[PDB]
């Protein structure tokens, strides 16, 4: 559009103008309500932090219900082209049909734009009602591989000629005898690669280094899925040692020391590496990890895992700190500079247009957007206000009905309270 200038990228590094054009997708259901509040909170933070020197120019693009109704398409090619060209976008909730229909629009965006990292930071905000005793012990950053795994969408339906072809090939060419009920089976394909794992783990480690995080935990179900999830664990340790040998201490290295010199030697080497500021690269079996995030959350910092595990872990963590409707998220390609910041919750249609939805998820994803732009002073203004506002108990219905003595406010009003509290 006329007003504003395009962000550009040189070698994955963003060239951000003072007046960047930022595309946005409103989202379906409660999306429009959240967007009205979130956009204004973010704008306020930018003007207050930079005294008018900077300003965002929003540019609407369509996806989901709004796009179907307006263009007859759920994800216009135009939307993808605009995101590819302007690099950084923010989006509200989109709808996905179960058991059938078109494949997830959210996943289409991730795959088509190759936004390989799903970044999910999870922390506790004082005042938020939580189902666990010590939610404050949770402070992690999840790096979820976002382009492969079972999300590839490679599957064939029971009764289709394609599943029959696939089963015949597996049985006759690969002598597979482990399919329990081959006549009534639907089949899914799960790809996990060295290339996909490497770029994801690299981003996880880079983040741990830059933010002074103490460890990166590789999460996998490698005992059962040896050549995909088990391979992920090995590829991750290998990358860590090959590219960050001087800054990290891995458990694979711990394994070798233990075998060659004993465990006393290994425990001693790990302790010295920590004292020396080395980042510990460790791993946790997925099912066990789901237990330990509840019982020993303080043992985890940065977490690197696959698409499916990441989806489950992120949600389990968000519920733990009582942040189910306020968790921020970012889909980022760290090599090309592209990123889509988004609402991590559903469209919650029941309240569409009622102005009562909690806009915090989009607001916090906007905080990630601001940090990605390098506008940290603005980002910090939003975080601090969010902290104070939630602690004051002037919150939307979802929090209010769980707290005692809360002042339930509308979505727009909550947005206003955040701005009010920015100083």
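Residue numbers count along the first chain shown, from 1.
**Q** Would you determine, from the values in the PDB entry, which of 9 to 17 and 400 to 408 has the greater average C-alpha temperature factor?
**A** For C-alpha atoms only, the mean B-factor is higher in 400 to 408.
**Q** So which stretch wins on mean C-alpha B-factor, 64 to 72 or 369 to 377?
**A** Looking at the recorded C-alpha B-factors, 64 to 72 comes out higher on average.
**Q** Whose CA atom has the top B-factor in the entry, of 206, 301, 259, 229?
**A** It is 259.
**Q** Quick one: which of 222, 135, 101, 186 has the biggest Cα B-factor according to the entry?
**A** Highest CA B-factor of the listed options: 101.
**Q** Sorting the chain's CA B-factors, does residue 291 end up in the lowest, middle or highest third?
**A** It belongs to the lowest third of the chain when residues are ordered by C-alpha B-factor.
**Q** Split the chain's modelled residues into thirds by Cα B-factor; is residue 250 in the lowest, middle or highest one?
**A** CA B-factor rank for residue 250: middle third.
**Q** Please place residue 142 in the lowest, middle or highest third of its chain according to the CA B-factor in the PDB entry.
**A** Its C-alpha B-factor belongs to the lowest third of this chain's values.
**Q** Please say which third, lowest, middle or highest, residue 326 falls into when its CA temperature factor is compared across its chain.
**A** According to the entry, residue 326 has a C-alpha B-factor in the chain's highest third.
**Q** Would you please rank residue 174 by its C-alpha temperature factor against the other modelled residues of its chain and give the third it falls in: lowest, middle or highest?
**A** CA B-factor rank for residue 174: middle third.
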